[PDB]
Amino acid sequence: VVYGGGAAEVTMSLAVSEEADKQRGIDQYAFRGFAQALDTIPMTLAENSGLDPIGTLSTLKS
Amino acid sequence: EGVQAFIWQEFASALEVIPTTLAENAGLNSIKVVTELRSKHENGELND
């Protein structure tokens, strides 16, 4: 069981960016790409609902 | 702290393509070269 509604995407996204800060290597941008790719589904819901995407993801991330 | 600032971040990120293109034409790894551009510029203000 897991609570969806865009929560599963953002909660898996911020941890990947946190791991990249110490697991930099050559694949530092690879984790950042997957972190930004997971957040697109909340932004997709923002477009269909007609809300501001940046304000939505900024509030959820904060 | 505005949406105009978020566009300026992409303005700064997209402007780094010129040394990235130089790395690919020279065969050097772009991330290793661009990582040195970030490491030397906080002290070196110009001519680096």
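Observations on the structure shown:
- Some residue of the range B:34-47 being within 14 Å of chain A (Cβ to nearest Cβ), farther than 29 Å from A:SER58 by Cα and among the basic types (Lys, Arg): no
- Qualifying residue in the range A:34-45 (condition: out of contact with any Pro (no Cβ under 9 Å at 6 or more places or on another chain), loosely packed, with under 11 Cβ neighbours inside 10 Å and outside any loop (DSSP other than H, G, I, E, B)): no
- Enumeration of residues in the range B:2-33 that are more than 12 Å from the chain's Cα centre (by Cα), more than 14 Å from chain A (Cβ to nearest Cβ) and aliphatic (A, V, I, L, M): B:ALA26
- Qualifying residue in the range A:7-24 (condition: out of contact with any helix residue (DSSP H, G or I) (no Cβ under 8 Å at 6 or more places or on another chain) and under 23 Å from B:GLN4 (Cα atoms)): no
- Qualifying residue in the range A:5-17 (condition: in contact (Cβ under 8 Å) with a residue 12 or more places away in the chain, outside any helix (DSSP H, G or I), farther than 24 Å from B:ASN29 by Cα and under 8 Å from the mean Cα position of the chain (by Cα)): no
- The number of residues in the range A:46-62 being within 14 Å of another protein chain (Cβ to nearest Cβ), touching a residue at least 24 places away in the same chain (Cβ under 8 Å) and surrounded by 14 or more Cβ atoms within 10 Å (Cβ to Cβ) comes to 1.
- Filtered residues of the range A:6-37 (kept if among the small types (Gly, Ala, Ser), at negative phi and within 14 Å of another protein chain (Cβ to nearest Cβ)): A:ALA20, A:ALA30, A:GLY33
No value in this document is a laboratory result; all are computed from the given coordinates. Here the Cβ is made from the backbone with ideal geometry for all residues, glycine too, and neighbour counts use every protein chain on show.
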